[PDB]
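Report on one structure; see the data block that follows.
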RNA sequence: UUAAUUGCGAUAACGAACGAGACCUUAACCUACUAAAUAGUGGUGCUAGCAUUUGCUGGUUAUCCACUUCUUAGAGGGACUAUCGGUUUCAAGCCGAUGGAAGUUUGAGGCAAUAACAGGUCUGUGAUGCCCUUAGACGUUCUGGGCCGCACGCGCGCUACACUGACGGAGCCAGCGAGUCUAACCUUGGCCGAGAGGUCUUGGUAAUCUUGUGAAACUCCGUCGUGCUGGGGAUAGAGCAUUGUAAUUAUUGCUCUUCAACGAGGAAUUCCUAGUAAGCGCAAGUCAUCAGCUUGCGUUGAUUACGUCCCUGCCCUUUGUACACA
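Residue numbers (the UniProt record's numbering), protein chains in the order written: chain F, 36 to 105; chain H, 68 to 120; chain E, 115 to 170; chain Z, 3 to 143; chain B, 3 to 58; chain A, 5 to 67; chain P, 20 to 149, 155 to 225; chain U, 2 to 63; chain S, 2 to 144.
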């Protein structure tokens, strides 16, 4: 494919351990962990926000910023 | 463009004429208009009556 | 030209003008464009007082 | 027989006519509340005349702003100025010059367009250029 | 009528220019210092500012 | 890492091919009465502090 | 604190700005001081403001842009590489983001960390072409001017052909500049201009 | 470039040497003195002339 | 207590009126939908393509409300954007007619828009009622 | 000293003229005058919706009342470096602060000397000397062709090499124009159409209608995720329209498909100091049709000087010269 950007239901399990203990979370960080690429990074952020491991500080389109759950 | 031919630095003339319009609304009878319009004739300032109100 | 142009610049100055200018350009004295400029009094050149008082 | 003053504020071809009247607190722009101005960051430029003095001073008036001309930013700066100039013109006429002074040096302490329009205007375009200064490229050889 | 004033002043402006050049070409020998056009009800009065009128 | 802060007391025209450098007179904030002449690059008003990485060497015009 | 009512209901977060303090709507200019002398009276952190956008008559006479709030000076210097010339609304939105970014990681109130980045990325001795090079000192206004012009150029160059958006790059650059790293087109690019200086100094 | 020319600096000197009384160390009065006494063509020429008569009247009183 | 179309935000209103006009199967779809890009000067069709139309319908409803009377020409030159003419400079080519005409007809049949004198189209009294009802719900849904 | 042969002054010089300045247009200020159904506004009335108490948001160019804040153009007013402090023999001046719409000649132009070029134009001119042709015409008419032809080189441009982005939706605001009668203009509005564009009416000889030219960049929500990729849109293929006696060497527009170079550019070189550069589009000129051009206008709006002769030139004086088409 293109540097580990593949659709998976196991890297769901990889995400939901690796994403917490991040001081900062955004599309840029998710992709720069050689994970899910862009389209999949955004819908990962949206599901992590529904689940409530993420606190959204700002949610502007094109630049969504997030933090670890208190 | 200033020059009659093409040659020379590209200098441009902007000749600007002005036209001023005025707008009077009288409640005159038939008596006055046939004197006021027949008088007050001046060169360079052309006046028209819209006597159908 | 030097007689006719001085004859008319002297008429204009006597008529009651502040100044006059006559410029005669063209092939004067066997084929070479020469500007002979006969003037008396004061002639302004710049600003609107050109448009005000000066006639061309 | 009502306190009512018609003011305007402007920033580069943007005319914002404010109508500050004796009321409760109806501050509205093009028949919509100030809380909905097109640029959502310039929400705090239209608002700052209120946050400068306090909403307590606006607890007994109603303002209606009609904006025409310019662009989005021109129109926000026009509203801001029109509201501040409206409020000081009301306080001058219907309270006293004491409280007018108070909120004039309140408004001009925090730096201003705000009371009097920036003098700046666009310079006309001259030949042999794409603007007032920028000349076309020169071709020696 | 109907012709726009924006255009119609220029139209009778060009009338003056053609008049000035017609008399500047024809009546230039009996003197000439311009024309004037006064627009009246049922009349447009063109007045020649020329010298010796016994020949103009 | 000793960097010496010194306020300017007077500006003295401009040196260099162009007016890129301004010759200035500074007074050392630390252990004052010491007045030294120095070169700057950017625009200098008076009362402005410059950070010297050497308090020693004097300044000459840039012919 | 004193929640007033009007015929136009204003939200309480906006109503907590009236003379309370002027922030962005969260970043305070009480202040964690500039802390480095020579640049005090050259960084404006004394006049608090709501947005990083004034009409501004700051390029009027000479030193007037020293009395412009330093947040606007970043916001201004982010509009370069002229596909973004003008467009201050985009630039202030990027500034809003990068500030709440350098909050969410390494909080420190995201104005004093921006100020500290200006104090650290300022080239403090440079050279002049007099093919010779003569080492001269730097005016504190130019130390700010070039500190901004290194941070904001480094940011766009990092964010160019990348996934890291200008907000996150500028953010990372301001953090590593504040805490002297030499890993942000930063202290590295400044040391390169003080290295050519110490040759002739 | 706020240098006054001879056309104002001569008119001013003629004005003060004639009306030294009826000239009072104030532009706003000297402006209206020039309106009444002189036949100056432009409004802006008056303001420059009157502004320099005032400058001369302040200097003559030291 | 006097919430109108103007008292509520632009997008946050149109999105709730989009939900409402989709729940109701009352407003028509011209049938050529899925094969149009609502312009002469665009690249690709509307990305949603699940009847956007319910967003046009909503916005033409909200626009005709705020204005006095709107014609199809005003909607075309409104919705039309900058056309990339290839290597030539960008222009203004106005949006597609049929989409804006057939959505006005769809509002006319539903009873939102009324064929108005002076030409163009005004709002119906039923139109103002339905718009203001949604406009009140939108705000109190958050509150 | 000055933007300045602008001035203070010193003085075989004294007294003058031109140019600079002045002047004029223009862009900003005018809770002041003078008026506005071709500009608005606040009121009543006929009312629409949400509320229910009064209150909000609208409609009504032929329902009346009132004024002039906005807008328009008249006569004017205001700024003269005004006041204060510095500062030069305390002279012209200059610098700083304050007030003010405005403190650079207030911003920008127009006008613009003497002398000069063998600068361009005889293809703008019933401007013109001479020379050439004068009908098998070198006159102007008709048909078609060419000014567009392509190994290659150069100059102004436009589009881009993307994530500060593209695309889709929604949000949604200017300013200067121009526009038809015995003609075909600007063209609302409703229908047909995926288009482009057609139809049947309509307002405007125009602050009345086009037109608020609800322009684009821009804003927000979402779809693309570092790949010549959906960046880029060149070349080509086929079709549908419009203008035009005529579209082939494809006028232009529109639909689908074809997808090239281009990963920010070597030696060089251009323009620019504030509402300026730059981005963005808009209107006008030619115009039947054709703008990647120009003339103007606003929209968004920086960085960096506030300096100096280093380069390239300028102005004045001194000086050397074998130069004077210098």
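No residue lacks a Cβ here, since even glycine has one placed at the ideal position from N, Cα and C.
Practice item. Give the interface partners of residue 116 (chain P) over in chain F, defined as CB-CB distance under 9 Å, in chain order. Key: Residue mapping note: residue 116 (chain P) aligns to position 97 of the seventh chain, counting from 1. Within chain F, the residues near residue 116 (chain P) are 93, 95, 98, 100.
Review point. Which one of Z:132, Z:33, Z:70, Z:20 has the shortest CA to CA distance from residue 14 (chain Z)?
Key: Indexing the fourth chain from 1 puts residue 14 (chain Z) at position 12. When only C-alpha atoms are compared, the closest one is Z:70.
Review point. Taking the C-alpha atoms as reference points, what is the distance between residue 204 (chain P) and residue 5 (chain A)?
Key: Taking the first residue of the seventh chain as position 1, residue 204 (chain P) is located at position 180. Taking the first residue of the sixth chain as position 1, residue 5 (chain A) is located at position 1. Rounded to whole angstroms, residue 204 (chain P) to residue 5 (chain A) spans 14 Å at the Cα level.
Review point. Residues in the region 78-90 of chain H with C-beta within 7 Å of chain Z's C-beta atoms, listed in sequence order?
Key: 78, 79
Exercise for review: Could you spell out the range, first to last residue, of the alpha helix (DSSP H) harbouring residue 82 (chain F)?
Suggested key: Taking the first residue of the first chain as position 1, residue 82 (chain F) is located at position 47. Segment 74-86, the alpha helix (DSSP H) holding residue 82 (chain F).
Exercise for review: To the nearest angstrom, report how far apart residue 94 (chain Z) and residue 111 (chain Z) are at their CA atoms.
Suggested key: Sequence index remark: in the fourth chain, residue 94 (chain Z) carries index 92 (1-based). Sequence index remark: in the fourth chain, residue 111 (chain Z) carries index 109 (1-based). Those two C-alpha atoms are separated by around 18 Å.
Check your understanding: Hey, does residue 158 (chain P) have any beta-carbon neighbour from chain A nearer than 8 Å?
Key -> Within the seventh chain, numbered from 1, the residue matching residue 158 (chain P) stands at position 134. So, interface residue.
Review point. By Cβ distance below 7 Å, which residues in the same chain neighbour residue 154 (chain E) in space, the five residues on each side in sequence not counted?
Key: On the third chain, position 40 is the one that residue 154 (chain E) refers to. The answer, listed in chain order, is 123, 127, 133, 134.
Review point. Can you name the residues of chain P whose CB is closer than 7 Å to the CB of residue 16 (chain A)?
Key: Numbered from its first residue, the sixth chain carries residue 16 (chain A) at position 12. At a C-beta separation below 7 Å, residue 16 (chain A) has no neighbours in chain P, since its nearest C-beta there lies roughly 14 Å away.
**Study point:** Simplified DSSP assignment, three categories, for residue 48 (chain B)
**Key:** Numbered from 1 along the fifth chain, position 46 holds the residue referred to as residue 48 (chain B). Strand.
Review point. How is the alpha helix (DSSP H) around residue 90 (chain P) delimited, first residue to last?
Key: As a position in the seventh chain, residue 90 (chain P) is number 71, starting the count at 1. Unbroken alpha helix (DSSP H) run through residue 90 (chain P): 89-96.
Practice item. Output yes if chain Z places a C-beta closer than 8 Å to the C-beta of residue 8 (chain S); else output no. Key: Within the ninth chain, the letter at position 7 stands for residue 8 (chain S). Residue 8 (chain S) counts as touching chain Z.
Review point. With distances taken from CA atoms, which of P:119, P:100, P:143 is nearest residue 55 (chain P)?
Key: Locating residue 55 (chain P) in the seventh chain gives position 36, counting from the first residue. Answer by Cα proximity: P:143.
Review point. When Cβ atoms are compared, which residues of the region 82-115 of chain P fall closer than 9 Å to chain Z?
Key: Cβ contacts with chain Z come from 107, 108, 111, 112, 115.
Check your understanding: Going by the beta-carbon positions, is the gap between residue 47 (chain A) and residue 81 (chain P) smaller than 8 Å?
Key -> As a first step, residue 47 (chain A) is located in the sixth chain; it is residue number 43 there, counting from the start. As a first step, residue 81 (chain P) is located in the seventh chain; it is residue number 62 there, counting from the start. The answer is yes: Cβ separation under 8 Å.
Practice item. Pull up the distance between the alpha-carbon of residue 97 (chain P) and that of residue 84 (chain H), whole angstroms please. Key: Taking the seventh chain and counting its residues from 1, one reaches residue 97 (chain P) at position 78. Taking the second chain and counting its residues from 1, one reaches residue 84 (chain H) at position 17. The straight-line gap from Cα to Cα measures roughly 46 Å.
Practice item. Starting from residue 78 (chain S), follow its DSSP beta bridges and name the residues at the other end. Key: By 1-based counting over the ninth chain, the position of residue 78 (chain S) is 77. For residue 78 (chain S), no pairing in a beta bridge is given by DSSP.
Point to revise | Cutoff 8 Å: residue 33 (chain P) Cβ touching any chain F Cβ | key: If you number the seventh chain from 1, residue 33 (chain P) lands on position 14. It does not; no Cβ of chain F falls within 8 Å.
Review point. Should residue 100 (chain S) and residue 63 (chain S) be called a contact, given that it needs their Cβ atoms to be closer than 8 Å?
Key: Taking the ninth chain and counting its residues from 1, one reaches residue 100 (chain S) at position 99. Taking the ninth chain and counting its residues from 1, one reaches residue 63 (chain S) at position 62. For residue 100 (chain S) and residue 63 (chain S), no; Cβs fall outside 8 Å.
**Study point:** Residue-chain proximity (residue 177 (chain P), chain F), Cβ-Cβ < 8 Å
**Key:** Taking the first residue of the seventh chain as 1, we reach residue 177 (chain P) at position 153. Not one chain F Cβ lies under 8 Å of residue 177 (chain P).
Review point. Taking Cβ to Cβ, would you say residue 105 (chain S) is nearer than 8 Å to residue 37 (chain S)?
Key: Numbered from its first residue, the ninth chain carries residue 105 (chain S) at position 104. Numbered from its first residue, the ninth chain carries residue 37 (chain S) at position 36. No, Cβ-Cβ distance for residue 105 (chain S) and residue 37 (chain S) is not below 8 Å.
Check your understanding: DSSP beta-bridge partners for residue 131 (chain Z)?
Key -> Here residue 131 (chain Z) corresponds to residue number 129 of the fourth chain, with the count starting at 1. According to DSSP, residue 131 (chain Z) bridges with Z:137.
Check your understanding: Roughly how many angstroms separate the alpha carbons of residue 52 (chain F) and residue 60 (chain F), rounded to a whole number?
Key -> As a first step, residue 52 (chain F) must be located in the first chain, where it is residue number 17. As a first step, residue 60 (chain F) must be located in the first chain, where it is residue number 25. C-alpha separation (whole angstroms): 13 Å.
Point to revise | Three-state secondary structure assigned by DSSP to residue 9 (chain B) | key: Within the fifth chain, residue 9 (chain B) is the residue found at index 7, counting from 1. It is helical.
Practice item. Give the secondary structure of residue 29 (chain P) by DSSP, where H, G and I count as helix, E and B as strand, and everything else as coil. Key: Counted from its first residue, the seventh chain places residue 29 (chain P) at position 10. Coil at residue 29 (chain P), not helix or strand.
Exercise for review: Could you tell me the distance, in whole angstroms, from the CA atom of residue 110 (chain H) to the CA atom of residue 100 (chain H)?
Suggested key: In the second chain, counting from the first residue as 1, residue 110 (chain H) sits at position 43. In the second chain, counting from the first residue as 1, residue 100 (chain H) sits at position 33. Roughly 20 Å separates the two Cα atoms.
Check your understanding: For residue 24 (chain F), is the classification buried or exposed, using 16 other Cβ atoms within 10 angstroms of its Cβ as the cut-off for buried?
Key -> Residue 24 (chain F) lies beyond the residue range present for chain F, which begins at 36 and ends at 105; the question has no answer from this structure.
Check your understanding: Between the region 37-56 of chain P and chain Z, which residues of the former have a C-beta closer than 9 Å to a C-beta of the latter?
Key -> Cβ contacts with chain Z come from 37, 38, 39, 41, 43, 44.
Point to revise | Cutoff 8 Å: residue 189 (chain P) Cβ touching any chain F Cβ | key: Position 165 of the seventh chain, counted from the start, is the residue given in the question as residue 189 (chain P). Flagged as an interface residue toward chain F: residue 189 (chain P), by a C-beta distance shorter than 8 Å.
Point to revise | Rounded Cβ spacing between residue 37 (chain P) and residue 57 (chain Z) (contact assumed at less than 8 Å) | key: Working through the seventh chain from its first residue, we reach residue 37 (chain P) at position 18. Working through the fourth chain from its first residue, we reach residue 57 (chain Z) at position 55. About 6 Å separates the two Cβ atoms, so the contact holds.
Review point. Are the beta-carbon atoms of residue 55 (chain S) and residue 28 (chain S) separated by less than 8 Å?
Key: Translated into positions along the ninth chain, residue 55 (chain S) becomes position 54. Translated into positions along the ninth chain, residue 28 (chain S) becomes position 27. Yes, Cβ-Cβ distance for residue 55 (chain S) and residue 28 (chain S) is below 8 Å.
Exercise for review: Mind listing the chain P neighbours of residue 89 (chain Z)? Cutoff is C-beta to C-beta under 7 Å, in chain order.
Suggested key: The sequence position of residue 89 (chain Z) within the fourth chain is 87, counting from 1. Residues of chain P whose Cβ lies closer than 7 Å to the Cβ of residue 89 (chain Z) do not exist; the shortest such Cβ separation is about 14 Å.
Review point. What is the residue span of the beta strand (DSSP E) that residue 152 (chain E) lies within?
Key: Sequence index remark: in the third chain, residue 152 (chain E) carries index 38 (1-based). Going by DSSP, residue 152 (chain E) is part of the beta strand (DSSP E) stretching over 150-155.
Review point. To which residues does DSSP link residue 10 (chain Z) through a beta bridge?
Key: Residue mapping note: residue 10 (chain Z) aligns to position 8 of the fourth chain, counting from 1. Bridge partners of residue 10 (chain Z): Z:19.
Exercise for review: Starting from the C-beta of residue 127 (chain Z), find all residues in its chain whose C-beta is less than 8 Å away, skip the five residues before and the five after it, and write them out in chain order.
Suggested key: Taking the first residue of the fourth chain as 1, we reach residue 127 (chain Z) at position 125. Taken in chain order, the residues that qualify are 133, 134.
Check your understanding: Within 8 Å (strictly less), CB to CB, does residue 123 (chain P) reach chain F?
Key -> Here residue 123 (chain P) refers to the residue found at position 104 of the seventh chain. Yes, contact with chain F.
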